[PDB]
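To be precise, the following lines are start_6.cif, and they hold mmCIF, C-alpha atoms.
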```cif
data_run
loop_
_atom_site.group_PDB
_atom_site.id
_atom_site.type_symbol
_atom_site.label_atom_id
_atom_site.label_comp_id
_atom_site.auth_asym_id
_atom_site.auth_seq_id
_atom_site.Cartn_x
_atom_site.Cartn_y
_atom_site.Cartn_z
ATOM 1 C CA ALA A 2 41.484 -21.405 7.143
ATOM 2 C CA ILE A 3 40.363 -17.863 8.029
ATOM 3 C CA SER A 4 38.277 -17.422 4.876
ATOM 4 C CA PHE A 5 34.809 -16.097 4.141
ATOM 5 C CA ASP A 6 33.737 -19.426 2.604
ATOM 6 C CA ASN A 7 34.861 -21.501 5.637
ATOM 7 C CA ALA A 8 33.303 -18.833 7.907
ATOM 8 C CA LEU A 9 29.872 -18.208 6.298
ATOM 9 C CA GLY A 10 29.220 -21.822 5.412
ATOM 10 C CA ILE A 11 26.201 -22.678 3.270
ATOM 11 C CA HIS A 12 24.130 -19.807 4.709
ATOM 12 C CA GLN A 13 25.142 -17.563 1.784
ATOM 13 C CA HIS A 14 24.065 -19.984 -0.945
ATOM 14 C CA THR A 15 20.888 -20.981 0.910
ATOM 15 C CA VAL A 16 19.592 -17.393 0.959
ATOM 16 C CA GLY A 17 19.848 -17.133 -2.823
ATOM 17 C CA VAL A 18 17.976 -20.405 -3.308
ATOM 18 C CA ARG A 19 15.216 -19.366 -0.896
ATOM 19 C CA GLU A 20 14.722 -16.146 -2.860
ATOM 20 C CA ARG A 21 14.719 -18.219 -6.054
ATOM 21 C CA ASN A 22 12.033 -20.485 -4.585
ATOM 22 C CA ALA A 23 9.897 -17.483 -3.611
ATOM 23 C CA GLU A 24 10.115 -16.228 -7.198
ATOM 24 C CA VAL A 25 8.927 -19.638 -8.422
ATOM 25 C CA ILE A 26 6.118 -19.881 -5.858
ATOM 26 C CA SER A 27 4.929 -16.326 -6.550
ATOM 27 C CA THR A 28 4.906 -17.124 -10.272
ATOM 28 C CA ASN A 29 2.561 -20.070 -9.697
ATOM 29 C CA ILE A 30 0.221 -17.908 -7.603
ATOM 30 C CA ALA A 31 0.137 -15.167 -10.247
ATOM 31 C CA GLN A 32 -0.338 -17.690 -13.071
ATOM 32 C CA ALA A 33 -3.017 -19.640 -11.174
ATOM 33 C CA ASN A 34 -5.864 -18.429 -13.395
ATOM 34 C CA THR A 35 -3.991 -18.720 -16.705
ATOM 35 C CA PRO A 36 -5.354 -21.781 -18.554
ATOM 36 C CA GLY A 37 -2.811 -24.303 -19.782
ATOM 37 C CA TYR A 38 -0.140 -23.101 -17.348
ATOM 38 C CA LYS A 39 1.590 -25.931 -15.486
ATOM 39 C CA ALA A 40 2.723 -25.447 -11.897
ATOM 40 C CA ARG A 41 6.494 -25.171 -11.509
ATOM 41 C CA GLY A 42 8.412 -26.834 -8.691
ATOM 42 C CA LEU A 43 11.959 -26.309 -7.450
ATOM 43 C CA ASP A 44 14.343 -28.857 -5.933
ATOM 44 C CA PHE A 45 16.156 -27.272 -2.996
ATOM 45 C CA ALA A 46 18.852 -29.954 -2.740
ATOM 46 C CA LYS A 47 19.822 -29.710 -6.414
ATOM 47 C CA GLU A 48 19.684 -25.903 -6.421
ATOM 48 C CA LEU A 49 21.877 -25.688 -3.313
ATOM 49 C CA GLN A 50 24.376 -28.093 -4.893
ATOM 50 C CA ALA A 51 24.446 -26.024 -8.092
ATOM 51 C CA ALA A 52 24.890 -22.783 -6.137
ATOM 52 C CA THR A 53 27.779 -24.203 -4.095
ATOM 53 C CA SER A 54 29.639 -25.201 -7.287
ATOM 54 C CA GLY A 55 28.805 -23.239 -10.430
ATOM 55 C CA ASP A 77 15.976 -29.731 -15.135
ATOM 56 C CA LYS A 78 12.417 -28.376 -15.139
ATOM 57 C CA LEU A 79 10.412 -29.976 -12.322
ATOM 58 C CA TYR A 80 6.611 -29.936 -12.527
ATOM 59 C CA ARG A 81 4.212 -30.463 -9.630
ATOM 60 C CA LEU A 82 1.753 -33.337 -9.969
ATOM 61 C CA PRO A 83 -1.817 -32.089 -9.391
ATOM 62 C CA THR A 84 -3.842 -33.601 -6.574
ATOM 63 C CA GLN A 85 -7.066 -33.378 -8.623
ATOM 64 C CA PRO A 86 -7.848 -33.030 -12.338
ATOM 65 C CA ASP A 87 -8.252 -29.581 -13.826
ATOM 66 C CA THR A 88 -11.729 -28.292 -14.643
ATOM 67 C CA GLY A 89 -10.864 -28.011 -18.338
ATOM 68 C CA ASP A 90 -8.542 -25.012 -18.461
ATOM 69 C CA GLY A 91 -5.464 -27.197 -18.006
ATOM 70 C CA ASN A 92 -3.906 -25.281 -15.089
ATOM 71 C CA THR A 93 -2.439 -27.544 -12.398
ATOM 72 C CA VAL A 94 -1.756 -24.819 -9.812
ATOM 73 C CA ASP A 95 -3.201 -25.769 -6.415
ATOM 74 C CA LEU A 96 -3.454 -22.353 -4.769
ATOM 75 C CA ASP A 97 -4.045 -23.974 -1.371
ATOM 76 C CA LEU A 98 -0.606 -25.607 -1.564
ATOM 77 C CA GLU A 99 1.141 -22.560 -3.054
ATOM 78 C CA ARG A 100 0.229 -20.346 -0.093
ATOM 79 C CA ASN A 101 1.398 -23.013 2.359
ATOM 80 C CA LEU A 102 4.750 -23.387 0.585
ATOM 81 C CA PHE A 103 5.205 -19.614 0.306
ATOM 82 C CA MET A 104 4.594 -19.256 4.048
ATOM 83 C CA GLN A 105 7.134 -21.994 4.800
ATOM 84 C CA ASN A 106 9.688 -20.528 2.384
ATOM 85 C CA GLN A 107 9.476 -17.103 4.032
ATOM 86 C CA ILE A 108 10.087 -18.551 7.509
ATOM 87 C CA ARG A 109 13.096 -20.608 6.414
ATOM 88 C CA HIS A 110 14.446 -17.612 4.486
ATOM 89 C CA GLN A 111 14.206 -15.476 7.631
ATOM 90 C CA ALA A 112 16.176 -18.101 9.556
ATOM 91 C CA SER A 113 18.832 -18.181 6.827
ATOM 92 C CA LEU A 114 19.253 -14.402 7.023
ATOM 93 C CA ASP A 115 19.594 -14.694 10.800
ATOM 94 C CA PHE A 116 22.088 -17.543 10.367
ATOM 95 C CA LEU A 117 24.080 -15.647 7.731
ATOM 96 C CA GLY A 118 23.808 -12.335 9.571
ATOM 97 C CA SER A 119 25.234 -13.878 12.735
ATOM 98 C CA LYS A 120 28.222 -15.171 10.750
ATOM 99 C CA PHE A 121 29.304 -11.617 9.927
ATOM 100 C CA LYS A 122 28.607 -10.345 13.451
ATOM 101 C CA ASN A 123 30.772 -13.072 14.991
ATOM 102 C CA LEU A 124 33.554 -12.397 12.476
ATOM 103 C CA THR A 125 33.443 -8.672 13.268
ATOM 104 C CA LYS A 126 33.372 -9.458 16.995
ATOM 105 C CA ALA A 127 36.532 -11.577 16.804
ATOM 106 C CA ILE A 128 38.506 -9.174 14.587
ATOM 107 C CA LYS A 129 37.761 -6.289 16.976
ATOM 108 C CA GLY A 130 37.341 -7.933 20.393
ATOM 109 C CA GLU A 131 34.147 -5.989 21.081
ATOM 110 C CA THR B 201 -60.660 -36.035 -40.476
ATOM 111 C CA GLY B 202 -62.614 -33.218 -38.875
ATOM 112 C CA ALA B 203 -60.293 -32.832 -35.882
ATOM 113 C CA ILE B 204 -57.019 -31.141 -34.936
ATOM 114 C CA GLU B 205 -54.257 -32.682 -32.820
ATOM 115 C CA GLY B 206 -53.030 -30.540 -29.932
ATOM 116 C CA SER B 207 -49.789 -30.621 -27.995
ATOM 117 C CA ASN B 208 -48.820 -33.445 -25.634
ATOM 118 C CA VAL B 209 -47.173 -31.239 -23.004
ATOM 119 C CA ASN B 210 -47.777 -32.672 -19.532
ATOM 120 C CA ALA B 211 -48.197 -29.499 -17.483
ATOM 121 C CA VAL B 212 -47.669 -31.253 -14.144
ATOM 122 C CA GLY B 213 -44.553 -32.983 -15.461
ATOM 123 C CA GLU B 214 -43.029 -29.616 -16.334
ATOM 124 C CA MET B 215 -44.026 -28.002 -13.029
ATOM 125 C CA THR B 216 -42.470 -30.739 -10.890
ATOM 126 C CA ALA B 217 -39.331 -30.526 -13.025
ATOM 127 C CA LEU B 218 -39.243 -26.767 -12.394
ATOM 128 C CA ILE B 219 -39.331 -27.063 -8.602
ATOM 129 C CA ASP B 220 -36.527 -29.640 -8.646
ATOM 130 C CA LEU B 221 -34.426 -27.481 -10.977
ATOM 131 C CA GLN B 222 -34.863 -24.523 -8.622
ATOM 132 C CA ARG B 223 -33.714 -26.420 -5.528
ATOM 133 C CA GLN B 224 -30.722 -27.990 -7.278
ATOM 134 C CA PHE B 225 -29.819 -24.573 -8.691
ATOM 135 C CA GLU B 226 -29.944 -22.966 -5.242
ATOM 136 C CA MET B 227 -27.877 -25.705 -3.586
ATOM 137 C CA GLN B 228 -25.060 -25.255 -6.106
ATOM 138 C CA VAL B 229 -25.149 -21.491 -5.516
ATOM 139 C CA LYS B 230 -24.466 -22.213 -1.840
ATOM 140 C CA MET B 231 -21.514 -24.342 -2.960
ATOM 141 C CA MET B 232 -20.174 -21.311 -4.838
ATOM 142 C CA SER B 233 -20.587 -19.152 -1.728
ATOM 143 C CA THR B 234 -18.814 -21.625 0.558
ATOM 144 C CA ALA B 235 -16.017 -21.977 -2.007
ATOM 145 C CA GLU B 236 -15.117 -18.284 -1.804
ATOM 146 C CA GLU B 237 -15.674 -18.291 1.965
ATOM 147 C CA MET B 238 -12.995 -20.968 2.326
ATOM 148 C CA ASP B 239 -10.722 -19.053 -0.055
ATOM 149 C CA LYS B 240 -11.010 -15.845 1.975
ATOM 150 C CA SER B 241 -10.184 -17.688 5.202
ATOM 151 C CA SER B 242 -7.144 -19.396 3.643
ATOM 152 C CA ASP B 243 -5.509 -16.045 2.951
ATOM 153 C CA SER B 244 -4.067 -15.218 6.392
ATOM 154 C CA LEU B 245 -1.340 -17.802 5.739
ATOM 155 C CA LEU B 246 0.589 -15.134 3.798
ATOM 156 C CA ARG B 247 -0.479 -12.364 6.213
ATOM 157 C CA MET B 248 2.681 -12.193 8.353
#
```
Starting from the coordinates I provided, produce the structure as structure tokens.
Amino acid sequence: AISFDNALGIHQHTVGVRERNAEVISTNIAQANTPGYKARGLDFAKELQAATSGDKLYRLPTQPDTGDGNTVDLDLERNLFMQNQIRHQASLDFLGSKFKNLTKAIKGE
Amino acid sequence: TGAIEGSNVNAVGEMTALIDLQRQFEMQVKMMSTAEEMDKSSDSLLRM
């Protein structure tokens, strides 16, 4: 034992995935008005598995498009972006406390 | 022969169509206004 992997856990890979998800969600919000653009989804479980050791998912629209072809539901995108930011803040707190505890033990302070 | 045929426009029929087109037009305009009103409200979600 006594290794950074065994000490940090999955809180280092989770942060990267949460930032990846925010990039995907922000892309859907920006491309909301572009006709023909299809909303992009991200699988957290698969992304976390790939990050730990190392495809395109589309979001099914709740209602038909008005003709443009864009399936971005901006009501859902804001809700997911808000959730992603909260869980990303927790992951930073979880990962940040891993380093603080490691520093505390190696210095006894 | 000796006569000219006029138009068959029913003036009342057009006028009653006009007043119904106005009201239906105005009701949909209110739908546009309440659509952006909902959109403005659902913007504090990302306002941390």
> Residues at most 9 Å from residue 15 in chain A, counting only C-alpha atoms, excluding those fewer than 5 positions away in the same chain, as a list in words?
Replying inline: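 Listed by chain and then number, they are residues 20, 45, 48, 49, 52, 110 and 113 of chain A.
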Give me, as a Markdown table, each residue of chain A that comes within 7 Å of chain B, together with its shortest interatomic pair and the distance in Å at one decimal, counting all atoms listed in the file, with rows ordered by chain and rising residue number.
```
| residue | atom | partner | partner_atom | distance |
| --- | --- | --- | --- | --- |
| A:100 | CA | B:246 | CA | 6.5 |
| A:101 | CA | B:245 | CA | 6.8 |
| A:104 | CA | B:246 | CA | 5.8 |
```
> To one decimal place, how far is CA of residue 83 in chain A from CA of residue 16 in chain A in Å?
Replying inline: 28.0 Å
> Selected by the PyMOL selection byres ((chain A and resi 93) around 6) in the shown coordinates: which residues, as a PyMOL selection string?
Replying inline: chain A and resi 39-40+83+92+94
Keeping only C-alpha atoms, write the selected residues to a file as a PDB file, keeping the file's coordinate frame.
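Ended up saving to selection-v7.pdb:
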```pdb
ATOM      1  CA  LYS A  39       1.590 -25.931 -15.486  1.00  0.00           C
ATOM      2  CA  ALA A  40       2.723 -25.447 -11.897  1.00  0.00           C
ATOM      3  CA  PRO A  83      -1.817 -32.089  -9.391  1.00  0.00           C
ATOM      4  CA  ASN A  92      -3.906 -25.281 -15.089  1.00  0.00           C
ATOM      5  CA  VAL A  94      -1.756 -24.819  -9.812  1.00  0.00           C
TER       6      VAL A  94
END
```
> How far is it from CA of residue 206 in chain B to CA of residue 219 in chain B, in Å with one decimal?
Replying inline: 25.6 Å
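The spacing separating CA of residue 123 in chain A from CA of residue 19 in chain A amounts to 23.1 Å.
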Report as lines of an AutoDock Vina configuration file the centre and the edge lengths, in Å to one decimal, of the axis-aligned box holding every listed atom of range 223-237 of chain B, padded by 4 Å on each side.
```
center_x = -24.4
center_y = -23.1
center_z = -3.4
size_x = 26.6
size_y = 17.7
size_z = 18.7
```
>> With only C-alpha atoms as the counted atoms, please give the residues lying no more than 10 Å from residue 44 in chain A, apart from itself and same-chain residues fewer than 4 positions off, as a PyMOL selection string.
In response: chain A and resi 18+22+48-49+77-79
>> Residues within 12 Å of (-2.0, -24.8, -17.7), file coordinates, counting all atoms listed in the file: what are they? Give the list as a list in words.
In response: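 The residues near that point, listed by chain and number, are residues 29, 32, 33, 34, 35, 36, 37, 38, 39, 40, 41, 80, 81, 83, 86, 87, 88, 89, 90, 91, 92, 93, 94 and 95 of chain A.
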>> Applying 12 Å and all atoms listed in the file, which residues near residue 6 in chain A remain after dropping the ones on its own chain fewer than 6 positions away? List them as number ranges by chain.
In response: A: 12-14, 53, 117, 120-121
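Near (11.9, -14.9, 3.5), the residues inside the 6 Å limit, counting only C-alpha atoms, come to residues 107, 108, 110 and 111 of chain A.
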> Of the candidates A:31, A:23, A:3, A:8, which one gets nearest to residue 109 in chain A if we count all atoms listed in the file?
Replying inline: A:23
